[PDB]
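Below you will find one chain, with nothing else, as C-alpha cells; this is the form deposited in one PDB entry, and questions on how it binds or moves follow later.
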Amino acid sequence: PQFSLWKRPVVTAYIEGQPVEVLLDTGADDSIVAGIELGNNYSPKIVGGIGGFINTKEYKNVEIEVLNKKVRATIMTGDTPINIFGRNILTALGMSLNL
C-alpha cells in the first residue's frame, strides 16, 4: 500500500482487536493512542504534547494490525487529540519514506 501525502495519512489500526483511527507520523518517535482501554500491564510514563507533560500508560508487546500486517510492538495510551503511530511502529510495520 502507498499513502499519498496529499491528504493526511490516517488509517485504521486494530489495537488488540479494537479499531482506532491513527496518523502515520514519521516525525514522532513513539506512538500514543486515545480511546482504547488497553490492559493491566503498564508502566507509567509521560509525554509532552501541546503545552507540556501529561500522564500515559505505556504497554509492551501490544498487537497492532494495520493493512493486514499484524505486529506486536510497544505503544502508549493517554489523551491526545491525534492518535499518532510514530517511528517505533512504522519500523515494526516495515514502512519507508519513498524518493
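Residues carry their position along the shown sequence, with the first being 1. Residues that one form lacks are left out of the comparison. The term rigid core refers to the maximal set of C-alpha atoms that superpose within 1.5 Å between the two forms.
Missing here is the form deposited with a partner chain bound; even so, the following discussion is about that form.
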Full three-residue contact with the partner chain in the entry with it bound, heavy atom 4.5 Å, for 23, 27 and 81: yes
Contact flag, residue 39 vs the partner chain in the entry with it bound, heavy atom cut 4.5 Å: no
Contact flag, residue 73 vs the partner chain in the entry with it bound, heavy atom cut 4.5 Å: no
Touches the partner chain in the entry with it bound: residue 48 (any heavy atom, 4.5 Å): yes
Partner proximity in the entry with it bound: residue 32 to the partner chain, non-hydrogen atom cutoff 4.5 Å: yes
Which of 28, 71, 54, 34 is displaced between the shown form and the other one by 2 angstroms or more at its C-alpha, rigid core aligned: 54
Moved runs of 3+ residues, each with a C-alpha displacement of 2 angstroms or more between the shown form and the other one on the rigid core: 48 to 55
